[PDB]
Amino acid sequence: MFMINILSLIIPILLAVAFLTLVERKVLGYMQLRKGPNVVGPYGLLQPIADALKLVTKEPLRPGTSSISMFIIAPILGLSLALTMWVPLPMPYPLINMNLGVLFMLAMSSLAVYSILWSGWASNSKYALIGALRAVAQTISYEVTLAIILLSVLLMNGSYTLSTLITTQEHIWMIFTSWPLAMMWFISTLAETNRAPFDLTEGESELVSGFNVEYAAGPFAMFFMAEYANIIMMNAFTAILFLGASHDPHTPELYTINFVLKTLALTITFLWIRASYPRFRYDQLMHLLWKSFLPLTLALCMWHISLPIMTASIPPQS
Amino acid sequence: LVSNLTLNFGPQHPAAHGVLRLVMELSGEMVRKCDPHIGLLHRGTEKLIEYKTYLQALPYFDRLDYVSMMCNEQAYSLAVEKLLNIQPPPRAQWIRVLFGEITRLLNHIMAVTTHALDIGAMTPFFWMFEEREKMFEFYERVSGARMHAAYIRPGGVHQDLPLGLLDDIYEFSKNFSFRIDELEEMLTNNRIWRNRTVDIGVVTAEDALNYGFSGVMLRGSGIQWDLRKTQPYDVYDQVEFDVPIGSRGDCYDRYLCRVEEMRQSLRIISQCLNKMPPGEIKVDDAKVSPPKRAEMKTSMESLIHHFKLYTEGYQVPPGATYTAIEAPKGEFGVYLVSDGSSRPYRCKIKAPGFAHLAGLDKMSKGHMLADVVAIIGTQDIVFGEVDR
Amino acid sequence: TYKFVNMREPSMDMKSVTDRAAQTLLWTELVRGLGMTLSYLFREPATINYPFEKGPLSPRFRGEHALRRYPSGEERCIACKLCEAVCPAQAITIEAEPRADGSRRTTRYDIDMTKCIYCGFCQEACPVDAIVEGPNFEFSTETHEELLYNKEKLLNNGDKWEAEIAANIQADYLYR
Amino acid sequence: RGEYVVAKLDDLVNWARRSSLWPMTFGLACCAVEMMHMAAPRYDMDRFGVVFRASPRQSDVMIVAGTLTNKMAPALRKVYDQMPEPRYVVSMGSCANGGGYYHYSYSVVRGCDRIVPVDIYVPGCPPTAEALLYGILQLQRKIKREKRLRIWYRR
Amino acid sequence: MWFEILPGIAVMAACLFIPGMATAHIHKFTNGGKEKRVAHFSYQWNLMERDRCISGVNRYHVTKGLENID
Amino acid sequence: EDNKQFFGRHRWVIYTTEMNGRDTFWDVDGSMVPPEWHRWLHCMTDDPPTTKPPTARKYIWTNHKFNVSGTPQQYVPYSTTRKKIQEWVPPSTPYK
Amino acid sequence: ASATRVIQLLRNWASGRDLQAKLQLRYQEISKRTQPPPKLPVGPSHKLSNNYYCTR
Ligand SMILES: CCCCCCCCCCCCCCCCCC(=O)OC[C@H](COP(=O)([O-])OCC[N+](C)(C)C)OC(=O)CCCCCCCCCCCCCCCCC
Ligand code: SF4
Ligand code: SF4
Ligand code: SF4
């Protein structure tokens, strides 16, 4: 039965990724006075299937200068991390219930930077390596703000347990208590998934596709699935962290509906950023992180350590 | 250990503005020199023109700056008419100015939206390419072709406007400023767009003059110079408009100049619509402009002149001219040599993009790799006229 | 006359500086951009349902070529070669001779449609409205050879499209 | 017999391959702007599943939109070789078709089909965005009638 | 127009709803119709281990009340 | 036609399912529109052939044909001129 | 032009301007695709006398 739980978690997530491709294309199209996929199936509903089928029957050109061991290990690591990021998530009850769930997510997402450091190195070409190094530096630099923002927010939670976030946000959203940290967290999440003006590793008009140039068909498809799973997962984490839904122990379907709707709204906002802004330069986003986000994050961590102590509002640790 | 990355490639790159090989060495992150390698769209246009009659050479100019077709053919027509010592009729001149400003709108839409798309703002491209499609419809309604009209000819224009065209041009123009507003609502004040354009590709006014720059690349640096005002052609002296002038000579100032030029193009188009005069649309001299088909099928002289103009062409008196117009991309000119026959002896085409791209190395000094994409976009470059 | 595009200095008082600080820290112009895209999402798209819906054209549109006839069925082309003389791309190849009935008619009339620039100079030069550019624009081919048109091909194009070619000509000949 | 299963599988794979025709932006000259007009909202090539793609490693069709010069032909053949299979080439415009206005030039290759095999020849100078869209749908119908698995079953 | 994006969003919503509902219902099924007991600390684990021992059926969730002894 | 739609969508054709011996339930294309309706469909005029029929000619095709490229009905070019140089044919009678 | 009042209000607010008066989609405001025949004027030298080509 637990195996069935794992399967009924993984497979719907991959399906949601597949149709997130369609949803993103349609949202971009309608923001651009066009339609997007509306021919292949009703309202493009069979388009993700067409993409998945075409990709797995397309020739996966592997580079002659590629260390194939890591060339295939990188997609495995990426997709395995992208899937395992959902196992502690408290759609009302988690698959895996840990004391340190958000710490587990921080660690697992920090292991995901290897899939770029290994793909760029394995692909050789002597230039995709530079794009991979830029991506890794961006990822590790925004890990700092992710970690510190999570630390400051959880000082109202009292623990690293994600189920406790539901209890913490019973009467009020955590957004009303930490909105500046919410904006910085949301932009950090944007930057970590290489999205929006932070998509420097796959700049369509900067370096064509960067670290993913040599990957084609199948491994490219799995990398794409990993990225979109990470996008939906990060938006789910954001919804649980800042927009906690009311929970009825006798009707958890209500919480699930609430959470899914809020996660979809945040994902649609992620696609909304993509259609509205130009692209940051690499040094420009590094400057943003290091000289704008980091000082405010340090100050707000200070503030959120001081605040529960000076108001006798320290949460329980149980 | 000096291993400055010599990435000497990028033609297939989507931001290469078509076909461009860039030879680049970087001192780490920043550009040390740019070496544009052009000729990937050199089709021998200037040699082919020597084998073409004067009428036969006109369609070659549609395909030089294939974003500003009617402006190129206007420049060529002005040169040939100057050599012929003939004058196009007033209605033809007003039509030429109106469609030159429509063409400037088309070119500026393409330039600004592709610049933004290269930077990473893809959305304004589609909104404005719908307006571009409508102006393509105007082109096709006047000439039968969406892009390469071949409509403006030495002597005037090919045929008159169809009934109801001015009404549709008025309907389009009365709504276009709202689209410029929406384009500015996404770019002008955006802290990311300005971060990618402010103080990027700064060129000194004197250094802009000495490098042969023209148009927005001049007025971006504050130089008060516009061919439509200083050296007016057609009926441009009878139309009122403003010349937007920059102050910092960077990509952002040039972008603002192009947007305000779109607004002033709308302003000119309004007067062209309101002041279109009656009359013929080609010079009433059948030894230069072909007669009406009805006269060709009825009158002996008209038939003879139709035959000769469409087989031999008109003879142009011997001489050479350099005539230039204020094209949407800068000063577009031609040095046209005539030996007295019906074919040009020599036709050198002056394209502003040639001199502008010659200055890419200078303007990219001490800038990152992502800034060169912006600097190419701000020099708006069509390699059909760079390479000819 | 001219105008300055970026010659405004920002005001430096309490209220303006606070306005700019709030714009910096609360991302208000980024919110304006989000609003513009959101407003475009709720606008009817300009897309047409091709091929069930078609882009609008005019009678002057220059598409596929055709050779025309008189109402008697006799060809209009009397092989003057004016179109071949004027053709900017030298896409027109013509051979002629007296026909068995004595008429001045072509025996070869080729248009290299891959040499053609579709300028319409041939139909301007023609004194009898024999060669025209028709309304057809959907004639892509799977091989290069089907785009090297024959006299038979062009006459079949004329017989195929004459019904609408003649209507277009009647619509626009008074401008010519 | 077992030829019905092979026919159904071929139909499935050829529906998936023509429903996701991802082309490569080879914009050489004036034909490039009519192709981004077919990209524009009025025609919206994305509604057919025809996306705006990137590096040839994820492209299924090459669109040669513009004049190919002698200086440029080796690069075009290089990127054609780098396309994974199945791959198709659409020649758009007179210049790419057979040289066009510049057919008799010293520096212009007379038709891209001297360099690459071409599947569809789209005529016009330039072809209208609707003409290019017609060529794209015609290419889609070419893919629909391929019989790769039925060829294999009778080998 | 924009409401034709809704089908893909509905498919996404169903695919995202499935995991949470499945987790809740599997937890109810395998824990005696009640919520899966949470043991973050050794005291809760010891509570569950005592529960398993006294149930007689080696299942912590079979709850013995005052009907068992008193 | 639906004149309350915007220009370019106010007119459309629902193609036939069968034309010239070819099934066209799923496989349609713009070349299937006959020239009489081609003018109205692309808004070159405001009048359909129902109200303003084309002029009848005895040489106009009575059966419109779509693009037959890729079919055995495709056009293949050939020289339409006759041979220029006539060779000398030797006598059939030997000299010896 | 088929958009409901509520959707029109939402998009007017989001864009910050009343976009219903300047719709980018054309409607019955365009000119008829069938027009009356023209009658174009003749040039200045369409004269029967006082028109020798050596003087022009
Ligand atoms: C009693 C109360 C005590 C505590 C008080 C706490 C402080 C309250 C006041 C602080 C307000 C500002 C908070 C931090 C804001 C960011 C800081 C920063 O550097 O900003 C400027 C920075 C840098 O701006 P800049 O570039 O103009 O300035 C840089 C520095 N100078 C001025 C010197 C040039 O900008 C950004 O961070 C831009 C982000 C880009 C992406 C935009 C995304 C738009 C969409 C957002 C949607 C909403 C997000 C959240 C969604 C929901 C999530 C749950
Ligand atoms: S349209 Fe122009 S290029 Fe084509 S055949 Fe006629 S004259 Fe020659
Ligand atoms: S088609 Fe017209 S111009 Fe050409 S040879 Fe025949 S009659 Fe002369
Ligand atoms: S075919 Fe015509 S429009 Fe296309 S690139 Fe060649 S000259 Fe330009």
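In listed order, ligands and their atoms are each counted from 1. All values below come from the heavy atoms of this structure, side chains included, with hydrogens, waters and symmetry mates left out. A, B, ... follow the sequence lines: proteins, then strands. Residue 1 opens every chain.
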- Atoms in ligand 4 flagged as close to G93(D), the criterion being non-hydrogen separation under 4.0 Å: 1 (S)
- Just wondering, more than 12 heavy atoms not from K308(B) lying within 6.0 Å of its NZ? no
- Item | Contact flag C80(C)/atom 6 (Fe) of ligand 3, N/O/S atoms, threshold under 2.8 Å | no
- Message: Which residue and atom name correspond to the protein heavy atom nearest atom 3 (S) of ligand 3, and how close is it?
- Response: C83(C) N, 3.3 Å
- Among non-hydrogen protein atoms, atom 6 (Fe) of ligand 3 lies closest to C77(C) SG, 2.3 Å
- Task: Please indicate whether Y51(B) has more than 12 foreign heavy atoms, meaning atoms of other residues, nucleotides or ligands, lying under 6.0 Å from its OH.
- Result: no
- Note on the structure: When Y149(C), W161(C), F137(C), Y118(C) are each screened for ring pair (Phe, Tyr, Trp, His ring centres under 6.0 Å) with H65(C), the one that passes is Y118(C)
- Do the numbers put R388(B) on top of the ring of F354(B), so that NZ or CZ is under 6.0 Å from the six-membered ring centre and no more than 45° off the axis? yes
- Item | Over 12 foreign heavy atoms within 6.0 Å of CZ, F307(B) | no
- Message: Taking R42(D) first and then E137(B), would you say they form a salt bridge - that is, a charged N and a carboxylate O separated by under 4.0 Å?
- Response: yes
- Within 45° cone and under 6.0 Å: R43(B) NZ/CZ vs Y101(D) ring: no
- Item | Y118(C): numbered ligand 2 atoms lying under 4.0 Å from its heavy atoms | 1 (S), 4 (Fe)
- Query: Would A125(C) count as a contact of ligand 3 if the rule is a heavy atom under 4.0 Å away?
  - Reply: no
- Nearest protein heavy-atom contact for atom 7 (S) of ligand 2: which residue, which atom, what distance? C122(C) N, 3.4 Å
- Task: Check whether more than 12 heavy atoms from other residues, nucleotides or ligands sit under 6.0 Å from atom CD of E301(B), and answer yes or no.
- Result: no
- heavy-atom search around atom 1 (S) of ligand 4 in the protein gives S94(D) N, 3.2 Å
- In ligand 2, the atoms that come under 4.0 Å of a heavy atom of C119(C) are 1 (S), 2 (Fe), 3 (S), 7 (S)
- Message: Show the atoms of ligand 3 that are less than 4.0 angstrom away from any heavy atom in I94(C).
- Response: 5 (S)
- Per-residue contact class, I78(C) against ligand 3 - non-hydrogen pairs under 4.0 Å: both
- Query: Angle class for the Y60(B)/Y102(D) ring planes (parallel below 30°, perpendicular above 60°, tilted otherwise)?
  - Reply: tilted
- Could you tell me whether ligand 2 has any atom less than 4.0 Å away from a heavy atom of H65(C)? yes
- Query: Near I117(C), which atoms of ligand 2 are under 4.0 Å from a heavy atom of that residue?
  - Reply: 3 (S), 4 (Fe)
- Task: Check the pair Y151(B), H158(B) against ring pair (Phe, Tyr, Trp, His ring centres under 6.0 Å), reporting the backbone distance first and the verdict last.
- Result: CA-CA 5 Å; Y151(B) 177 67; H158(B) 178 37; 7.5 Å; no
- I131(C): numbered ligand 3 atoms lying under 4.0 Å from its heavy atoms: 1 (S)
- So the atoms of ligand 2 within less than 4.0 Å of a heavy atom of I92(C) turn out to be 5 (S)
- Task: Could you check atom 4 (Fe) of ligand 2 against the protein and tell me its nearest heavy-atom contact, residue, atom and distance included?
- Result: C116(C) SG, 2.3 Å
- Item | CZ/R21(B): more than 12 non-hydrogen atoms of other groups inside 6.0 Å | yes
- Task: Name the closest protein heavy atom to atom 5 (S) of ligand 3, giving the residue it belongs to and the distance to 0.1 Å.
- Result: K81(C) N, 3.1 Å
- Message: Applying a heavy-atom cut-off of 4.0 Å, say which part of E34(D) lies close to ligand 4: side chain, backbone, both or neither.
- Response: neither
- Item | Minimum-distance protein heavy atom relative to atom 2 (Fe) of ligand 4 | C125(D) SG, 2.3 Å
What pairs of donor and acceptor atoms, side-chain ones from residues 124-136 of chain D against any protein atom, are under 3.5 angstrom apart with sequence neighbours left out?
from: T128(D); atom 1: OG1; to: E130(D); atom 2: N; distance (Å): 3.4
from: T128(D); atom 1: OG1; to: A131(D); atom 2: N; distance (Å): 3.0
from: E130(D); atom 1: OE1; to: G55(C); atom 2: N; distance (Å): 3.2
from: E130(D); atom 1: OE1; to: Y43(D); atom 2: OH; distance (Å): 3.3
from: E130(D); atom 1: OE2; to: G55(C); atom 2: N; distance (Å): 3.1
from: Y134(D); atom 1: OH; to: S31(F); atom 2: OG; distance (Å): 3.4
from: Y134(D); atom 1: OH; to: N67(F); atom 2: ND2; distance (Å): 3.3

- Query: Any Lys/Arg nitrogen of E73(B) or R63(B) sitting under 4.0 Å from an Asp/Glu carboxylate oxygen of the other?
  - Reply: no
- Task: With heavy atoms of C126(C) as the reference, note each atom of ligand 3 found under 4.0 Å away.
- Result: 1 (S), 2 (Fe), 3 (S), 7 (S)
- Task: Under 4.0 Å from a heavy atom of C30(D): give me the atoms of ligand 4 that qualify, with their elements.
- Result: 3 (S), 5 (S), 7 (S), 8 (Fe)
- Item | atom 8 (Fe) of ligand 2: the protein heavy-atom neighbour that sits closest, reported with distance to 0.1 Å | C87(C) SG, 2.3 Å
- Message: At under 4.0 Å between heavy atoms, is it the side chain or the backbone of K115(C) that contacts ligand 2, or both, or neither?
- Response: neither
- What part of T106(C), side chain, backbone, both or neither, has a heavy atom within less than 4.0 angstrom of ligand 3? neither
- Decide yes or no for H148(B) and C30(D): does some side-chain heavy atom of the first lie under 4.5 Å from some side-chain heavy atom of the second? yes
- In terms of atom number and element, which parts of ligand 4 are under 4.0 angstrom from non-hydrogen atoms of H148(B)? 3 (S), 8 (Fe)
- Examine the proximity of ligand 2 to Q123(C) and report which part, side chain or backbone, both or neither, has a heavy atom under 4.0 Å away. neither
- With a cut-off of under 6.0 Å to the ring centre and 45° to the axis, is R141(B) in cation-pi contact with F138(B)? no
- Query: How about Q90(C): does its CD atom have over 12 heavy atoms from other parts shown lying under 6.0 Å from it?
  - Reply: no
- Numbered atoms and elements of ligand 4 in range of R63(B), under 4.0 angstrom, heavy atoms: 7 (S)
